[PDB]
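Just the one chain here, the form deposited without the ligand, laid out as structure tokens.
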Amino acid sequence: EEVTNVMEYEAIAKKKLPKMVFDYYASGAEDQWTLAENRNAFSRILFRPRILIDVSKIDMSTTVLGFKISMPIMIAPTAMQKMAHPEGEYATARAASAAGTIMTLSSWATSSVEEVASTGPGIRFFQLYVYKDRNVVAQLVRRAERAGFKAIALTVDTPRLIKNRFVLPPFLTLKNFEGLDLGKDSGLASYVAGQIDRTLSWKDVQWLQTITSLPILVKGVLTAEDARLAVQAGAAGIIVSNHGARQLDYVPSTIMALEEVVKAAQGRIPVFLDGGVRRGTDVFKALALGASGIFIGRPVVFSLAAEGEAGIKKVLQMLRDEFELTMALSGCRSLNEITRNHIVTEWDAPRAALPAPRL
């Protein structure tokens, strides 16, 4: 057999895993997400290649929050990875480290921040929800600090807004909550589901900064308005993400938003994209729209379920290889050379209609 693309792991994982486990990842906690996310939007962006530029050597390295990484391609959090494969987050952490990139560990990981750190050196971010008990937030942040984690990826939605639920077997737990002072008991899983705060505002983002000095990334910004508020709130970065609620027919376009968000941020902080990135051409398109990098979630868990650590390694290498080739075809020798003029979007004014210069 031979796996040739990132989306081909999706079938192998469907087979390998119990239906509910696969659906939980493919479609999220509820059945709200689509697997075809952004595939149409990405399709409708075309390239404007430059020729006769020496691209024999492509540099795709970049810096994220001061940390040098090998490619603008990072790993998004997906919860309880030991459900997907016995090695779980351990495998994700090792592959990320080996590929020279960043892993974000889920708040709901089946492995703790220090377990992840025990695997060796690597730059890691930690997913945080603001829980109702602010002292519990405090304990999570401190544990992640001690484990050497570099940034907070703040998720700002509620996963409560069902059919895709399963139980963690007794041998597996939500390890980041294990051992923490929770105060004055229907199980640990129920606690972390019940205690997500429904009243979150920007004031809470500012509060986070009184308990930690770690850079905070705010996930979910889809508008110029919230991009400005993120900057003013002291966010170190923005993640443009929103998987949608398909049963409600609630679709927001992240891609259309990406450029708007980037422009609003005014170069103050980096802007990342998370959602349906599957091709090297997708990565290129997001960066040309002005994103500083992207995150992939589903492809990592699927390839973990399919081949463990070796599969994650392979997904990252395929994405990487297509990205390099895309840059080469475009005439771009580094990330800096990936300009807005290397793509064309449906909302671009047609260049063929414009008068050409020469006075």
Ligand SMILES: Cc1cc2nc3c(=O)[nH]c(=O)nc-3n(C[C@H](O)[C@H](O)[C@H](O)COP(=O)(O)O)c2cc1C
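Rigid core here is just the name for the largest C-alpha set that superposes within 1.5 Å across the two forms. Start at 1 with the first residue shown and count on from there.
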Unresolved deposited residues in the interval that joins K184 and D185: 4 to 9
Count class of deposited residues lacking coordinates, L172 to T173: none
Average Cα temperature factor in the PDB entry - higher stretch of 163-171, 270-278: 163-171
Residue range whose averaged C-alpha B-factor is higher in the record, 35-43 or 59-67: 35-43
Identity of residue with top Cα B-factor, from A189, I216, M80, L140: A189
Residue selected from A151, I75, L258, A193 by maximal Cα B factor: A193
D249 - Cα temperature factor, lowest/middle/highest third of chain: highest
Chain-relative CA temperature factor third for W108: middle
Ranked C-alpha temperature factor of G237 among modelled chain residues, by third: lowest
Chain third (lowest, middle, highest) by recorded CA B-factor, residue given as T155: middle
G100, C-alpha B-factor rank within chain (lowest, middle or highest third): lowest
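There is also a form deposited with the ligand bound; it is not shown, and the following applies to it.
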Open or blocked: the ligand superposed from its pose in the entry with it bound, cut-off 2.4 Å to backbone or C-beta: open
Residue contact check: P77 to the ligand in the entry with it bound, 4.5 Å heavy atom: yes
Exercise: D274 in contact with the ligand in the entry with it bound, heavy atom 4.5 Å: yes
Non-hydrogen atom contact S112 with the ligand in the entry with it bound at 4.5 angstroms: no
Distance check, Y24 to the ligand in the entry with it bound, heavy atom within 4.5 Å: yes
Answer range among 323-331, 296-304, 309-317, 56-64 for contact with the ligand, defined in the entry with it bound as heavy atoms within 4.5 Å: 296-304
Residue among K82, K175, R278, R124 with a heavy atom within 4.5 Å of the ligand in the entry with it bound: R278
Interface residue in the entry with it bound among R246, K150, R268, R228, criterion: non-hydrogen atom within 4.5 angstroms of the ligand: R246
Core-superposed comparison between this form and the one not shown - Cα displaced by 2 angstroms or more, from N135, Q232, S253, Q206: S253
Residue shift check between this form and the one not shown, rigid core fit, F295 Cα at least 2 Å: no
Large Cα shift (2 Å or above) at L325 between this form and the one not shown, core-fitted: no
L168 C-alpha moves between this form and the one not shown by 2 Å or more, core aligned: yes
Pair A79/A29, Cα separation in the entry with it bound versus the displayed form, closer or farther by 3 angstroms or more: farther
Closer or farther in the entry with it bound: C-alpha pair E37, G308 (3 angstroms or more): farther
